[PDB]
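Visitor:
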Amino acid sequence: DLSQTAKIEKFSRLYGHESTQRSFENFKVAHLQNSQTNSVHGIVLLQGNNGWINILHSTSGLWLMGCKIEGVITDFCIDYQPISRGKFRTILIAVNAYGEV
Amino acid sequence: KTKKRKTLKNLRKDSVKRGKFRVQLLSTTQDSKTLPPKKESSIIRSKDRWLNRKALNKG
Amino acid sequence: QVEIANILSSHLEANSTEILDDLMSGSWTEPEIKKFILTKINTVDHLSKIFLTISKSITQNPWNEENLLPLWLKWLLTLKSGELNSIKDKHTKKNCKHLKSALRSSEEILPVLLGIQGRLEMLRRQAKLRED
Amino acid sequence: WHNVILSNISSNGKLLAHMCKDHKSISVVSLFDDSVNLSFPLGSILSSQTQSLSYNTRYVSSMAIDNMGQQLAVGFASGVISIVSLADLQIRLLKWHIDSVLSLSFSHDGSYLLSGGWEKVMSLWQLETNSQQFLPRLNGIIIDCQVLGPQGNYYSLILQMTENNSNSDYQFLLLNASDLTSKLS
Amino acid sequence: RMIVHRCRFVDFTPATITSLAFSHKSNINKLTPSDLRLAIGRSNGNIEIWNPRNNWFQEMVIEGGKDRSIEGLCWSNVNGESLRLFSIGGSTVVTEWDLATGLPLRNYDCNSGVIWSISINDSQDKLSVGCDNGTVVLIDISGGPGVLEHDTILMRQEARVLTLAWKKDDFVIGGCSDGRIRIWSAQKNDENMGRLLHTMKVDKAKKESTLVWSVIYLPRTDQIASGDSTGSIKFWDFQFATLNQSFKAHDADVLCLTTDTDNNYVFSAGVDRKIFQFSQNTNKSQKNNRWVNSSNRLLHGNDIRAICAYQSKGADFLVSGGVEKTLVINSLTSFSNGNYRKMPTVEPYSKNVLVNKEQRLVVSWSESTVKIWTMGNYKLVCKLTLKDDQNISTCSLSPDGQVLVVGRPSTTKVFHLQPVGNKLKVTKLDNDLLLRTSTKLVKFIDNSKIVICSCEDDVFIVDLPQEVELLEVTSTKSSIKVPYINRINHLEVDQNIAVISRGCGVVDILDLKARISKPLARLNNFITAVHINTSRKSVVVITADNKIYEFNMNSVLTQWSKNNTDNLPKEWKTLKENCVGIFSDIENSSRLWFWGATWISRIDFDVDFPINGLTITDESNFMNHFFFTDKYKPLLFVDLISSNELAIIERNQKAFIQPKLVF
Amino acid sequence: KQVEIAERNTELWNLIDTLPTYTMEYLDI
Amino acid sequence: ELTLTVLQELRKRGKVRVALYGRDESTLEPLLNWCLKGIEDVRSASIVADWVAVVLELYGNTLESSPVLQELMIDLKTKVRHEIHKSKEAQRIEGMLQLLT
Amino acid sequence: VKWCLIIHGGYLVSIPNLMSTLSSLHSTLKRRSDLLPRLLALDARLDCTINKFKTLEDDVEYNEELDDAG
RNA sequence: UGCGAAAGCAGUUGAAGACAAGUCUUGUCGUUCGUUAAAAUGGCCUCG
């Protein structure tokens, strides 16, 4: 977080989804808007062992949702689509090594 | 009677070898129609090894 | 034996005070004690009376040399424990506590007692050795 | 409301739910508005097997009301938690606790349920898959549970240290949701 | 005081339940059809048909053969056609059964690998067969009953097809042994005919192979529910072929799946002996298309092989069975909260044991093997082994006991028994008439003469054929749908007077010497037991509703029946198990003994009685002095050896471990 | 004698502190 | 000593009858075999005592129908009786030693 | 130990100190004595159960194949 | 429950009210007065 010491936090807990994930090496951070409350918070996305994508709360680290694709997950990216004033949706784009998106 | 049991086992043979050419016994076609279709042994055994698997902890 | 068993059975039915006399009779033997309990004590009322009589006597004098009164209670407990605890009489429970307390002393007494038997078996052999 | 036995308020503080003997009936009401006004007997939620079994099965030890008001969790002395959909009174049984559950609290979004009891272990129930995360070997049994944050950043927990029968020894713990480590004891 | 011989040296073991199938598609709005039935597959090849009305009573039983089983059961219910049943025997054959006779109507070779799965389409005109070679075979049945034709072959693949499900008449969904679900297109007039549009892979066990045991389609929300070996349940979007939700719920294999009519509830079961409830009733869940695991319940002591569901305006049934060999019934709407019934393992609708008062002989016939015991303490005087693969349907022993007749659907054989050295010498009497004769039922008139009812219901007398005329039965729509109801179910011969009862409730008195038939009764309920009493000159008939009827043999009904039929004791009415056996009391002719699977009762017919949930509500029509004891159970058979002697015959596997916590 | 009695009373204190396949019967009706 | 601890662990956990509920002679004989030997040891004798009391109280009926369990238990009566003697002479030695001083 | 003390009892009395030089004997003995009270309780219960229970086709085989063959 | 040492020594449990079940008889109490006075198949993280 952001000089005598460094405020560093260590994320370790997948909440029952430890099998799907073998490492945090590939990850990205995106913004998620909770439409029901209109609140916005950060989310950490991870790459799973078998087409799995794990989504974590940026601060609380809580396992929010997970996405699955067929084949080996190779890469993913995030696109945002505005809806209205103050309203936007986050889209996860994931691809297989073959090319299915 | 173990002696006769072997004799019955010898009796129930549909296959014998004469000369250079094997020979096989024919059952009557009408009889085969009457008999039910029966089971395969492997399909049940494939289940059985699955039913007795360690993961099941049938114990 | 058969006569005394019938007499004891009659006294149990008659609520006679001579039940204690029947129980302490010397004609009784251990297999007969088992036989009488199994076959003649069929009512909870008779079982309670025999236990009450035996318990009161043993409570009064736990140091009686007559092994018979204790001899009865052994199999009465062993063979009819399920029926005995089934008895819900308050007085029966009180007598059990009184018997339990009267017995309770003796077990405290024995460890001291055995060592003092040792001191005597000790003192003998020197006296015998000194004699020799 | 009369003969109120048990009462609770939503995390936002705008919905109340309470149980009364008018055996028992649970009713929920919106506070500043008339939007929510529902009531139903406890027997409807209670199972027939629960009715056959002892009163511990029928005895409620905790209750939580979701912020929006669709889900109401009821705990039981047996350790059973039942989440009820108020729209259709459909029941869902979540039971890991072996003893009476002492604290229940819904998450802000409602996707998660915080539970605590005699086990001295905090249970985070993940409702979409019903998974469970655990915080064991706490200092004392759990009296209360709450999620405190705009984003649920911290959890406030209440310990009893019931070992001391002479006095009730309350200890207040604030835990970081990020790593679930003691932020303030 | 009256002697009882409580015997358990006779042992019968039901075959494990393998497949379950309801006869009708659930319709909550409509009332329960009169013809609703449940078919049960057994590991010994027997198919059991049961009626959910009047609690549960077994209408008819199809007898299996040696080394035979039923791995899949499938019904076809076309409007205006007779109900059709299809079974798979673990081989490359699909068997259609003649319900009228209980014999194989048609045997069809799939021309492919060993069959693993069977399923029928929405229009009910096609069958899909899953094969060991990974080929899926499409079979047309619309031609007619007994008519089976090869339609089309879906692409051969290398993984075993363990299960099949349909999407209307357009697609075939199949679970495979490679841990991979396959969707094939069945749309005719489509270039993608038979094409494999999408194929999904489940999560695979690291150190074990993964098998997709069960797959079910969900029309309301249009997904596929799949259970595999790993114990996980996955929900998949059909149109995109993508995983929606996963539930790592079962600790062992998920073998079977089922859903409610509205697709609001998905039920799973398997080795772990638990039935898991998945819910989407809540409107927000429906809007969000998210399922919720409501609850689970442990009801079986062993594996749950088969699960099936039925609903109607008056019916709401969840029926389960498996290795435990017993049926468990629950309400779909109230699975978590509703009561349950565990059906008895053996309900002796058909008597497989007999007792001879003379010579004190007890004869039991299981799996083409007949064992004879003598009671004086019991000695197995004789045991008989039969060659034919077909199991013994019935055995009849002469009053003297010298002549024993063994009956099978294929053949009937007569064996004479001679007592030598406290043992019975067996000699097979040769009778060509009986050998080529099918024997559904067989009773002795005397030591010599016999009455035999054929599988075609041709009644004749054999002296050791004098055919007996039978009244014609008017055809009914229920009879057309279910053929066997009009067939003879109970025959009884008593002092030259023969009584036959059909499943439709028609009872007729037959005079064997006159060989003429006279109608006796036409009851509205299935007849479970019949008895003839010569001393009172009346016939006792018991319906499926456990009502006792006494008819004078020519008032049509006896005065006792007129006064006591609706005035039976509370015990008789409260019974959920129907009466199956009646036998007289030697000491007093008027007294009669009645026993069921778990109860025995005696009623004096000279004394009038003081006047003072899990079954169909039965709004619709079925078609179109006192001693009671339950201490003995389960009861195989009950009867008298002598005037004061009673014979009671009673019944005397590793499983998934689920510890019971104790404190 | 005391030792014997005390061990005995110990035993008494500790005492205080502490289907067939075929059956043959003849039932009433 | 490791054997004594785990038995000492279960008792203090209050799990003795719990550990002995689902057992038959086949899995009960190993329990007694050590008890046949543990009674001799001073340290384990009291621990052996507690576990034998419960199983007798919990498996009295099975003992009647199980012959082998009897012989396992008959030899226990002999050995436990021998230990009674050994302690009895010890007490005799203690008092006389006390007499010497 | 008993015979050692029995024969030399007089000699042992005429010793300046015994407990320090025989501390191990007393400690070792003391442990054994503590077994006696409990161990009696076990014999009783052990005796209780002991007294309780202590007082408490081929020949006829017929086969059709075998008869048919001979 | 009281005293006492740990051992133990003494004593204690009643009146209602409400409801559930049978069919007048029984049970229960998130209810009162008075007396020193077992059991819904449900076990405790990640951080190698």
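Chains as they are written, first to last, in the deposited numbering: chain LS, 325 to 326, 334 to 432; chain ND, 156 to 214; chain LK, 384 to 515; chain LH, 193 to 214, 222 to 384; chain LN, 30 to 405, 413 to 500, 508 to 597, 609 to 666, 678 to 689, 731 to 758, 766 to 776; chain LI, 664 to 681, 703 to 713; chain LJ, 412 to 512; chain LL, 502 to 557, 575 to 588. Ideal Cβ placement from N, Cα and C applies to all residues, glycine included.
#1: Using a Cβ-Cβ cut-off of 9 Å, state whether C505/LL counts as contacting chain LI.
#2: Do you know how far the Cα of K737/LN is from the Cα of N444/LK?
#3: Taking C-beta to C-beta, are residue 5/LN and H329/LN nearer than 9 Å?
#4: Under the assumption that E100/LN contacts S148/LN (Cβ atoms under 8 Å), give the Cβ distance between them as a whole number of angstroms.
#5: Drop a sphere of 10 angstroms on the beta-carbon of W504/LL, count the other beta-carbons inside from all chains shown, and report buried for 16 or more, exposed for fewer.
#6: At what residues does the alpha helix (DSSP H) containing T256/LH begin and finish?
#7: So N365/LS contacts chain LH; which residues on that side make the cut at Cβ distance below 7 Å?
#8: Just list the residues that DSSP pairs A50/LN with in beta bridges.
#9: With distances taken between CB atoms, is the gap from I333/LN to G299/LN smaller than 9 Å?
#10: Sorted by chain position, which residues of the same chain lie with C-beta nearer than 7 Å to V171/ND's C-beta, five sequence neighbours on each side aside?
#11: One question on the structure: do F743/LN and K400/LN come within less than 9 Å of each other, judged by their Cβ atoms?
#12: Assuming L334/LH and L303/LH are in contact, meaning their beta carbons sit under 8 Å apart, how far apart are those beta carbons, in whole angstroms?
#13: Determine the chain LS residues that contact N352/LH at a beta-carbon separation under 7 Å, and present them in chain order.
#14: With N468/LK as the anchor, note down where its beta strand (DSSP E) starts and where it stops.
#15: Throw me the rounded Cβ distance for the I341/LH and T361/LH pair, which I believe falls under 8 Å.
#16: Decide if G350/LN is buried, meaning its Cβ has at least 16 other Cβ atoms within 10 Å, or exposed.
#17: With distances taken Cα to Cα, identify the nearest neighbour of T735/LN among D662/LN, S748/LN and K624/LN.
#18: Between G409/LK and chain LJ, is the shortest Cβ-Cβ distance under 9 Å, so that the two count as touching?
#19: Could you run through the stretch 514-542 of chain LL and flag, in chain order, every residue whose CB is less than 8 Å away from some CB of chain LK?
#20: Return the residue from the list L508/LJ, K499/LJ and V459/LJ that minimises the CA-CA distance to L415/LJ.
#21: Residue range of the alpha helix (DSSP H) that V429/LJ falls in?
#22: Give the list of continuous beta strand (DSSP E) stretches no shorter than 3 residues that lie fully inside the stretch 419-476 of chain LN.
#23: Kindly indicate which three-state DSSP category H474/LK falls into: helix, strand or coil?
#24: Nearest chain LL C-beta to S457/LJ closer than 9 Å, yes or no?
#25: If we count the other Cβ atoms within 10 Å of its Cβ and call it buried at 16 or more, is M688/LN buried or exposed?
#26: List in chain order: all unbroken alpha helix (DSSP H) runs of 4+ residues lying wholly within the stretch 239-321 of chain LH.
#27: In the stretch 280-325 of chain LN, which residue ranges form an unbroken alpha helix (DSSP H) of at least 4 residues, counting only runs that do not cross its ends?
#28: Can you list, in chain order, the residues of its chain with a C-beta nearer than 6 Å to that of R579/LN? Leave out the 5 residues immediately preceding and following it.
#29: Measure the Cβ-Cβ separation of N200/LH and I264/LH and say whether it is below 9 Å.
#30: With a threshold of 7 Å on Cβ separation, who are the neighbours of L345/LS within its own chain once the five nearest residues in sequence on each side are excluded?
#31: Using the Cβ count rule (16 or more neighbours within 10 Å means buried), how would you classify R204/ND?
#32: Enumerate in chain order the residues of its own chain whose CB-to-CB distance from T256/LH is below 6 Å, with the five nearest sequence positions on each side excluded.
#33: Using a Cβ-Cβ cutoff of 9 Å, what residues of the stretch 337-365 of chain LS are near chain LH? List them in chain order.
#34: Roughly how many angstroms separate the alpha carbons of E92/LN and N80/LN, rounded to a whole number?
#35: For the 8 Å Cβ check, are there 3 or more pairs between the stretch 585-596 of chain LN and the stretch 57-68 of chain LN?
#36: Rounded to whole angstroms, what is the Cα-Cα separation between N83/LN and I488/LN?
Guide: This is what the structure holds:
#1: no
#2: Rounded to the nearest whole angstrom, the C-alpha separation of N444/LK and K737/LN is 51 Å.
#3: Lying outside 30 to 776, the shown extent of chain LN, residue 5/LN is not represented and no answer is given.
#4: No, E100/LN and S148/LN are not in contact; Cβ-Cβ is about 13 Å, not under 8 Å.
#5: So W504/LL counts as exposed.
#6: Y254 to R257
#7: Counting only Cβ-Cβ distances below 7 Å, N365/LS has contacts in chain LH at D308, in chain order.
#8: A68/LN
#9: yes
#10: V178
#11: no
#12: Their Cβ separation, rounded to whole angstroms, is 16 Å, which puts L334/LH and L303/LH out of contact at 8 Å.
#13: Those within 7 Å of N352/LH in chain LS are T390 and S391.
#14: No beta strand (DSSP E) contains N468/LK, which is instead part of the alpha helix (DSSP H) from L451 to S469.
#15: Contact flag wrong, Cβ pair sits at about 11 Å.
#16: buried
#17: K624/LN
#18: no
#19: Listed by position along the chain: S534, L537, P538 and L541.
#20: Checked all of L508/LJ, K499/LJ and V459/LJ; the closest Cα to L415/LJ is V459/LJ.
#21: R428 to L431
#22: 430-433, 439-443, 448-456 and 459-465
#23: helix
#24: yes
#25: buried
#26: 241-244, 247-251 and 254-257
#27: Those alpha helix (DSSP H) runs which fall completely within the stretch 280-325 of chain LN and span 4+ residues are 312-317.
#28: none
#29: yes
#30: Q352, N385 and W394
#31: exposed
#32: The answer, listed in chain order, is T249 and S277.
#33: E340, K341, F342, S343, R344, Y346, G347, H348 and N365
#34: 18 Å
#35: Contact fails: fewer than three Cβ-Cβ distances are below 8 Å.
#36: 30 Å
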